[PDB]
Student: 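Quick one: the structure is below, and I'll ask about it shortly.
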Protein chains: 2
Amino acid sequence: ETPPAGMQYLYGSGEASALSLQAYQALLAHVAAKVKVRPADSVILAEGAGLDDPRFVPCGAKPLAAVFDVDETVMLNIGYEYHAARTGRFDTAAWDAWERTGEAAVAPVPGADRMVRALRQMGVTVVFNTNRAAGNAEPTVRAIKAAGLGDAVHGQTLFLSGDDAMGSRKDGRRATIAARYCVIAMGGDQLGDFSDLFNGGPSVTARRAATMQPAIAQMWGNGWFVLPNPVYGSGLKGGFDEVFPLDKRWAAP
Amino acid sequence: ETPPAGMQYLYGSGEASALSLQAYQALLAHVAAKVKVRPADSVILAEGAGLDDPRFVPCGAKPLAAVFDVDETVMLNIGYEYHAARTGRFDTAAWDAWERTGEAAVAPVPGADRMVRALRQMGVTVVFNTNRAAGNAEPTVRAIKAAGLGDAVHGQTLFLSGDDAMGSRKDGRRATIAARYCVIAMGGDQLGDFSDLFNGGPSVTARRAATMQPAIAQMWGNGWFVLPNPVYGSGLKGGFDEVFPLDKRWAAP
Ligand SMILES: [Mg+2]
Ligand SMILES: [Mg+2]
């Protein structure tokens, strides 16, 4: 029995490991450049801004920070995905149990513990913005600690689903973070970890086109830093016609 | 019917698109830094060098170049993977037909056509090192052209499996390239696209550990640039015990 190809890739391969280390190398160099030369804009979009003409919450004199998604961005949910592979199960009740009892089965995303330590040695505050539930803040704090990612504090450096009434939408929390910090880098494994504009409607092919809108494309590896996730979530959608465009079809002999 | 999760991710998602654009943004900035300040070492390992103490073919006065894997690094093999998803088939005869007849069903990896044009505008020679077969050089040249990747020439900027007697091992071709160019960046989707030392023996867990050997880890996003591939190849290996380590297991209630 072998696990699903996506988990073999994400959890088992050196390919995925190298991909993640590249992401954090680029982030560390970017942060270091902006620690020496503070920017005028943060990397968080302003309220009402669109992807075509992005405007950003200004950096100002606010303390420097970096924002991170938690799950499959800085922390691997190994125990949970093991159970999903064993069971074949989108199990919301199981995920709730996992938020409460998974602190002993998490690992850092390759390079994320070293990157988080370097950021703090540079004087940059490490802020987590995750859709784990607010009522599970304390076990989530302990899991973050167990992955070697340091100390997170609910409401100061850790923001969770249910901290506002926006549900899985993260823009509201992003606005709260950007109102007190100059956010000079932002990491995630899902497009919703950078803007809610990618979700809540857009099709699979529309979301992929939107990442190549030039004013948005310039962010990738240059303020917005992406970690791989072919195991669950927004990337795992679309029928044959959205995945394989009709001008690129072919059949073997 | 939906395609395999890995193909939904790689071919359909904006997540994979953003991940690829980040890789090429980091590569472009790296190349530009080295065009201004030529390095002493290339990014290609010297003969007999090990991953723990890497030595590199020197840059010297040789003309500047960047080396790229072709398949799923700069070119998406959309037609072929469509057929694999339709058919469920590791089909070596089908892949041979595809090398010969697939030029009309390929697309650039997101950002790869723009990156290849920028490299040439910077005066950097774009060299391809692929395990497509030497006897299919001409259709491979045409497919590279159709993906918007420019003009490749067998034996000058394009090196193929069978150009030497080493089979799928790419070190021999890497040595030939590094003997005439100063290779300042190298891109790939498989660890064999950077060194043969990752393959031919090492286990799934050994290969992943090897990417974090510190002298090697420093390469990722800093000379060695990685593109995602959870669809086929070296990343899709390993049983449950290699993918989900035994100190990170968990079971739902
Ligand atoms: Mg996540
Ligand atoms: Mg390849």
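First the proteins, then the strands, lettered A, B, ... as listed; each starts at 1. All heavy atoms count here, side chains included; hydrogens, waters and symmetry mates do not. As the structure lists them, so they are numbered: ligands from 1, and atoms in each ligand from 1.
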Student: B:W220 vs B:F198 aromatic rings, parallel, tilted or perpendicular, using cut-offs 30° and 60°?
Tutor: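 The arrangement is tilted - the two ring planes meet at 30° to 60°.
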Student: For A:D71, what is the atom name of its N, O or S atom nearest to the Mg ion (ligand 1)?
Tutor: O
Student: Counting backbone and side chain alike, does A:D189 bring an N/O/S atom below 2.8 Å of the Mg ion (ligand 1)?
Tutor: yes
Student: Taking 4.0 angstrom as the limit, do A:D164 and A:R169 come out as a salt bridge?
Tutor: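 The answer is no: the pair does not qualify as a salt bridge.
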Student: Is the centre of the B:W95 ring less than 6.0 Å from the centre of the B:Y80 ring?
Tutor: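 Ring-ring flag for B:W95/B:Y80: true, centres closer than 6.0 Å.
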Student: Tell me which N, O or S atom of A:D69 sits nearest to the Mg ion (ligand 1).
Tutor: OD2
Student: Identify, with sequence neighbours excluded, every residue that meets salt bridge (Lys or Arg N to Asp or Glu O under 4.0 Å) alongside A:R207.
Tutor: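 Testing A:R207 for salt bridge (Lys or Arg N to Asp or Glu O under 4.0 Å), a comparison that skips the adjacent residues, returns B:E15.
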